[PDB]
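S.K.: what would the 3D arrangement of this be:
(2 chains, ligands or ions: 2)
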Protein chains: 2
Amino acid sequence: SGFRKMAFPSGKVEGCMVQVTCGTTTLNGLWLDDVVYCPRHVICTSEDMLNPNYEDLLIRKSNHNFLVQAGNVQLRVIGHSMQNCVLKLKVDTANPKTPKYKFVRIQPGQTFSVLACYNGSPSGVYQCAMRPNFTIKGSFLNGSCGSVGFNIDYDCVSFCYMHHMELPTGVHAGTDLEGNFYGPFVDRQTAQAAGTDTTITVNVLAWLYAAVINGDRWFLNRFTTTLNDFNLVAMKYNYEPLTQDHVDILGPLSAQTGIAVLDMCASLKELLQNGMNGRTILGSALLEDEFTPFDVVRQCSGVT
Amino acid sequence: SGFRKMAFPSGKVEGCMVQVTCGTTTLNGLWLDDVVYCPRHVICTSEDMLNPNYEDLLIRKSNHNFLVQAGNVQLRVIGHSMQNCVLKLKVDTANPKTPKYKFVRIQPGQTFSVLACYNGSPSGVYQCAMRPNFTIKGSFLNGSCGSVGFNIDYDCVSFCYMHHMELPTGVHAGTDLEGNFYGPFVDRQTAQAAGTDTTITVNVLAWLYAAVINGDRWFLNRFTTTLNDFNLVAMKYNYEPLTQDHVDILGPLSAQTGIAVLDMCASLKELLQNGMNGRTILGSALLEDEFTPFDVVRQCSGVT
Ligand SMILES: *[C@@H](CC(=O)OCC)[C@H](C[C@@H]1CCNC1=O)NC(=O)[C@H](Cc1ccccc1)NC(=O)[C@@H](Cc1ccc(F)cc1)NC(=O)CCOCC#C
Ligand SMILES: *[C@@H](CC(=O)OCC)[C@H](C[C@@H]1CCNC1=O)NC(=O)[C@H](Cc1ccccc1)NC(=O)[C@@H](Cc1ccc(F)cc1)NC(=O)CCOCC#C
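M.R.: Numbers count the residues shown, from 1 in each chain, chains lettered A, B, ... in the order given. Ligands and ions are numbered 1, 2, ... in the order given. You can find the structure just below:
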């Protein structure tokens, strides 16, 4: 038993990380077969930051303006292109460590692992959710751009996030690996704001199932409610509305515990309305919303 | 900015995980050069559990009673010995992915990453602390024995933990890679109990500095204290006493924030006595004690 903030093993991704330098500017890139993907603002300076003319910047740059290093050894760039907000550097060497992969766009409320990297070298791996406002509550410093988020489905790495920027509220924003931002953000230094964040209800329910599987059951009573009555309560605490699709995906956890989803909803309604009464659940004194139902199934059943 | 429960990149360790089977019992081993390390209770059965006679069980077995698999390739066993509570199986081929490594014995309060594995295949990575009572609060299911904990000192993997068992209180116990248990535990299925657990004070203080670096300051007060007076408060709330060495280890975070350690001690003292009164710190409503001072520096400075 036990329940931890658990990331995917990062080995497959670690072998794909490189550093990409253009002039004075260095960040991280992802080396898959003979292509390196990185944020296109590697070709910018601060003179360009408000209205960068990316096509002009790139056409002034040539294959030799790009320095790509894997570990500490240089790869030769032999071609460059731009796809939305991502640069695609064709290199002379295919990466022999390339895993089976897919580029995916995740949905808000879903989770991924983040390999945080600096100068092409991995620093650490943590678990993040895509917030309903299309930001992530990451841990990133200067130099971390180009770090990627991913899930592992079977033996395929599904890359879903590339890091670009930090908003002044301390939250982070970036693109999928096709270069399109999550949310209403652009890679220019205009003042940008995320909408008001909400709590991811289905994940809270998932984590309360994780608590029952692990023996923390004090909040469980033989209570139940309806979907509509739960949602009237949820919006009062800025929880996202629970749909019957959310109910269905909690099926596996309900199946293993014998607690019907709307019974756990009744428990959650009682926690929002009465508080936690100084108690903890799974070591936390707050309701946690960054474990999906799949996350719970995976580590409460040992998927490998 | 930001702050996450961050684990080390696990790639170097993933390349060391194998499956070890003895009879119908299967768990994980660690393959380094031409030796595989795994818990010795792989050679047991149900009747043995109360008081396994391991020397008898081991001497009676032949190398052919041990099935070691690295992915889908057998490693032939050519020797089988015991060091304390770990079995060492000599195999015919050295691991081509053997990293630079050391076996280290860590102290209570230190953190490490855990690569949870099943049937020799990595499932996930998370961060743990060695509790003052020499247990850990991990996430382990049946089949996870032989999973290892580790730190990375630049390029050297410092293996510090191998997983053996779960106590009935929900916590976990194991050995170092020389086979010696942490704490007073033994690998017999007998009523065993950890001493009273305590909070790791120096770690909470480190996490308060991480909060300040991320702009949470509401809990700061103007008072300073002495180490002697603070330690009287720590004893009252079953916090570990703070040593001058702990103070000095916090020095890099004091250097970054300009807040003296004994001023931050006075802030913690008020938090212990009166709690947080509805407020949060780094998105938590509890004092977190599983980030060491170095963990914080590594995230609030970007060490790779
Ligand atoms: C990655 C850049 C890099 O590695 O290459 C340069 C050597 C960094 C990642 C951040 C640094 C701090 N925390 C991070 O996550 N990205 C930036 O520095 C970007 C560059 C940029 C991207 C898109 C559009 C314009 C510029 N800048 C920022 O993140 C800045 C500026 C900004 C604010 C709001 C917004 F919508 C776009 C850009 N962010 C801040 O300065 C907020 C303060 O917190 C960060 C710090 C310290
Ligand atoms: C790893 C063994 C394995 O992989 O075997 C392959 C067939 C497991 C890891 C645990 C499974 C449950 N939670 C875990 O962390 N280890 C065990 O199953 C050990 C085997 C054992 C090791 C040393 C000495 C005796 C037996 N048994 C347990 O962990 C049991 C029994 C026990 C309790 C207290 C104590 F001090 C020693 C051994 N623990 C429990 O039954 C309580 C937890 O129940 C959760 C379940 C299932």
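S.K.: ok, now which ones touch the closest residue to residue A:226 other than its chain neighbours?
M.R.: Nearest non-adjacent residue to residue A:226, counting by C-beta to C-beta, 6 or more residues apart in numbering or on different chains: residue A:262, 6.7 Å away. (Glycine included, C-beta is placed from N, CA and C.) By C-beta atoms under 8 Å, 6 or more residues apart in numbering or on different chains, the contact set of residue A:262 is A:224, A:225, A:226, A:227, A:230, A:247.
S.K.: for residue A:262, give its distance to ligand 2.
M.R.: Distance of residue A:262 to ligand 2, given as C-beta to the nearest ligand atom, to the nearest Å: 29 Å.
S.K.: buried set for the helix or strand that residue falls within?
M.R.: Secondary structure assignment for residue A:262, by DSSP states H and E: helix A:261-274. If you call a residue buried by 16 or more other C-beta atoms under 10 Å in any protein chain shown, then helix A:261-274 has these buried ones: A:261, A:262, A:263, A:264, A:265, A:266, A:267, A:268, A:269, A:270, A:271, A:272.
S.K.: over to stretch A:154-170?
M.R.: So, applying 16+ other C-beta under 10 Å, buried residues of stretch A:154-170: A:157, A:158, A:159, A:160, A:161, A:162, A:163, A:164, A:165, A:166.
S.K.: and if you look at stretch A:40-58?
M.R.: A:40, A:41, A:42, A:43, A:44, A:48, A:52, A:54, A:57, A:58.
S.K.: now do the same contact list for the fifth one.
M.R.: This points to residue A:44. Contact analysis of residue A:44 by C-beta under 8 Å, 6+ apart lists A:25, A:52, A:54, A:57.
S.K.: what do you get if the cut-off is 10 Å, keeping everything else the same?
M.R.: A:22, A:23, A:25, A:52, A:53, A:54, A:57, A:187, A:188, A:189 (C-beta atoms under 10 Å, 6 or more residues apart in numbering or on different chains).
S.K.: same check, this time on the last one
M.R.: When contacts are counted by C-beta under 10 Å, 6+ apart, residue A:58 is found next to A:22, A:40, A:43, A:65, A:80, A:81, A:82, A:87.
S.K.: cutoff 8 Å now
M.R.: Residue A:58 neighbours (C-beta under 8 Å, 6+ apart): A:40, A:43, A:80, A:82, A:87.
S.K.: centre of the chain to stretch A:271-287, how far?
M.R.: Here stretch A:271-287 is found 26 Å from its chain centre; the criterion is C-alpha atoms, centre = their mean, to the nearest Å.
S.K.: can you list contacts of that stretch?
M.R.: A:3, A:199, A:204, A:207-208, A:210-211, A:214, A:216, A:218-219, A:233-234, A:236-237, A:239, A:268, A:288, B:137, B:280, B:283-286.
S.K.: show me which of those are buried.
M.R.: A:3, A:199, A:204, A:207-208, A:210-211, A:214, A:216, A:219, A:233-234, A:239, A:268, A:288, B:137, B:283-285.
S.K.: those residues also near ligand 2: which ones?
M.R.: Residues of the buried ones among the contacts of stretch A:271-287 in contact with ligand 2 (C-beta under 6 Å from any ligand atom): none.
S.K.: just the ones of the residues you listed in strands?
M.R.: Among the buried ones among the contacts of stretch A:271-287, no residue falls in strands (DSSP state E).
S.K.: of those residues, which belong to helices?
M.R.: A:204, A:207, A:208, A:210, A:211, A:233, A:234, A:268 (DSSP state H).
S.K.: make JSON lines from the residues you listed and add distance to residue B:150 to it.
M.R.: Formatted as JSON lines, these follow (distance: C-beta to C-beta, whole Å):
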{"residue": "A:204", "distance to residue B:150": "32"}
{"residue": "A:207", "distance to residue B:150": "27"}
{"residue": "A:208", "distance to residue B:150": "32"}
{"residue": "A:210", "distance to residue B:150": "25"}
{"residue": "A:211", "distance to residue B:150": "28"}
{"residue": "A:233", "distance to residue B:150": "45"}
{"residue": "A:234", "distance to residue B:150": "41"}
{"residue": "A:268", "distance to residue B:150": "37"}
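S.K.: surely residue A:205 is in contact with residue A:254?
M.R.: No. Using C-beta atoms under 8 Å, residue A:205 is not in contact with residue A:254, being 9.4 Å away.
S.K.: so for those two, which residues contact both of them?
M.R.: A:261, A:264.
S.K.: ok, the two, which is more surrounded?
M.R.: Shown here are residue A:205 and residue A:254; by other C-beta atoms under 10 Å in any protein chain shown, residue A:205 has more neighbours (28 against 19).
S.K.: nearest to chain B: which residue in the stretch 151-300 of chain A?
M.R.: residue A:285 (3.7 Å; C-beta to the nearest C-beta).
S.K.: try chain A
M.R.: For chain A, C-beta to the nearest C-beta, closest residue to chain B: residue A:11, 3.3 Å.
S.K.: next up, phi/psi of that residue, please.
M.R.: Dihedral pair for residue A:11: phi -50, psi -50, per degrees, to the nearest 10.
S.K.: tally of neighbours for the nearest residue to it once chain neighbours are set aside?
M.R.: Leaving out its chain neighbours, the residue that sits closest to residue A:11 by C-beta to C-beta, 6+ apart is residue B:11, at 3.3 Å. For residue B:11, the neighbour count with other C-beta under 10 Å is 24.
S.K.: show me the contacts for the residue of chain A found nearest ligand 1.
M.R.: Nearest residue of chain A to ligand 1 (C-beta to the nearest ligand atom) works out as residue A:145 at 2.7 Å. Residues near residue A:145 by C-beta under 8 Å, 6+ apart: A:27, A:28, A:38, A:39, A:41, A:42, A:163, A:164, A:165.
S.K.: sec struct for the first one, please.
M.R.: In the three-state summary, residue A:27 is assigned as strand, counting by DSSP: H, G, I helix; E, B strand; the rest coil.
S.K.: tell me, how many residues neighbour it?
M.R.: 24.
S.K.: coming back round to it: and the residue of chain A closest to chain B, how far from residue B:16?
M.R.: 11 Å (C-beta to C-beta, to the nearest Å).
S.K.: from the buried residues of stretch A:40-58, which is closest to residue A:125?
M.R.: Closest approach between the buried residues of stretch A:40-58 and residue A:125, by C-beta to C-beta: residue A:42, at 23.2 Å.
S.K.: list the contacts for the closest one?
M.R.: A:20, A:21, A:22, A:25, A:26, A:27, A:87, A:145, A:146.
S.K.: residue A:107 too?
M.R.: Counting by C-beta under 8 Å, 6+ apart, residue A:107 has contacts residue A:130.
S.K.: what pairs with residue A:73 across the strands?
M.R.: Per DSSP bridges, the residues bridged to residue A:73 are residue A:70.
S.K.: any idea how far it lies from ligand 2?
M.R.: Following C-beta to the nearest ligand atom, the distance that separates residue A:73 from ligand 2 is 40 Å.
S.K.: on that earlier part again, correct me, but the residue of chain A closest to chain B touches residue B:8?
M.R.: No. Contact between residue A:11 and residue B:8 fails when scored by C-beta under 8 Å: they sit 11.5 Å apart.
S.K.: close to ligand 1: what parts of the stretch 101-250 of chain A are there?
M.R.: Residues of the stretch 101-250 of chain A lying near ligand 1 by C-beta under 6 Å from any ligand atom: A:140-145, A:164-168, A:172, A:187-189, A:192.
S.K.: out of those residues, who's nearest ligand 2?
M.R.: residue A:140 (33.3 Å).
S.K.: hmm, the closest one is touching residue A:163, no?
M.R.: Yes. Using C-beta under 8 Å, residue A:140 is in contact with residue A:163, at 5.9 Å.
S.K.: identify the contacts common to these two.
M.R.: Joint contacts of residue A:140 and residue A:163 (C-beta under 8 Å, 6+ apart) are A:147, A:172.
S.K.: and for chain A, the residue most distant from the center?
M.R.: residue A:222 (35.6 Å; C-alpha atoms, centre = their mean).
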